[PDB]
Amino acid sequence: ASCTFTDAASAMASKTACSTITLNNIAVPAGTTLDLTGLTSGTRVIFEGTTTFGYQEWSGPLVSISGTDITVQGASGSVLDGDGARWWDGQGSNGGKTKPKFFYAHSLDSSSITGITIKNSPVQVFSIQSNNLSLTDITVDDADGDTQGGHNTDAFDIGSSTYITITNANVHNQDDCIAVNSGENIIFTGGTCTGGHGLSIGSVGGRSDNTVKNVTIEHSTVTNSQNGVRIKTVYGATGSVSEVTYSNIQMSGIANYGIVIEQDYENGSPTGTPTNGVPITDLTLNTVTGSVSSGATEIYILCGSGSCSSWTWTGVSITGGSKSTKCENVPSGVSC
């Protein structure tokens, strides 16, 4: 049966009794999750109008959906509006107010999310911990955060996941466009990323799952961002990153690093000295091109001893800025 809800309490009470759930203009109570977990397999969820959220300092999530064979859709013109400026204080998840993560897709398996627009997330947007989940035509509009104190507004954080496909995302934020902390068989294609910290593998290490395998980030553009292409592995951690491909990536307006691969990463600041417990093997860059800003570095590779091997880099051409004086343990066939 089809059900339309204009309040969160009714939707939560009746979600398992509905095979199509329409969420129309819901104001989600402060400090609570719009909890659409535990759906019956096959259910379709449609967001309509503007979903809003009450103000409270808490960790979230604002929205959570789970189940098998779930189809999540944003209707034309729909928005999930976090009004994140109520929390933004320049400090994100590193300090200041406690700020709620936006959208949990944990165990949203053999499922899809299409056409969702998120506006002004308080902090990170999608937390993905699922198998066989596609996210298509997603828009993250956090542009207000450029001037109003947005920080740590990651669009897609992935861990403990398999068979994730992200297609035609459009992101304007202040942190990673994608951050693959762990996972296997992951595709990001057709994306436009602006404002943030780039298309990132990692940080990898220091968690329960520190394994990244078979990831393709392709046919995408990164503009007006701190980094273009980034792989970050945690200083002193243990894990592995293998079979990663960046292909057909264009970048411009990059402030810090066009391409940065570093094995000294920490959330506060990298140490400057890499370690070798998170090997990066079978990394392919194919046709990664564009420009960096005058004060940026084109390519920076800071690998540990023996922990970067079997790389294939072809068609890499990054102009502007300066060449790095700091690269370490650069593999055969690769250059800064």
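Numbering starts at 1 and follows the sequence shown.
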- Item | Mean C-alpha temperature factor, higher of 262-270 and 240-248 | 262-270
- From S200, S93, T233, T153, the top C-alpha temperature factor is at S93
- State the tercile, meaning the lowest, middle or highest third, of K101 with respect to the CA B-factors recorded for its chain. lowest
- Message: Ranking the modelled residues of this chain by C-alpha B-factor as given in the entry, is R207 in the lowest, middle or highest third?
- Response: highest
- Query: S64's Cα B-factor: lowest, middle or highest third of the chain?
  - Reply: lowest
- Query: Thinking about Cα B factors across the chain, which third does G77 belong to?
  - Reply: highest
- Message: Could you place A255 in the lowest, middle or highest third of its chain by Cα temperature factor, using the values in the record?
- Response: highest
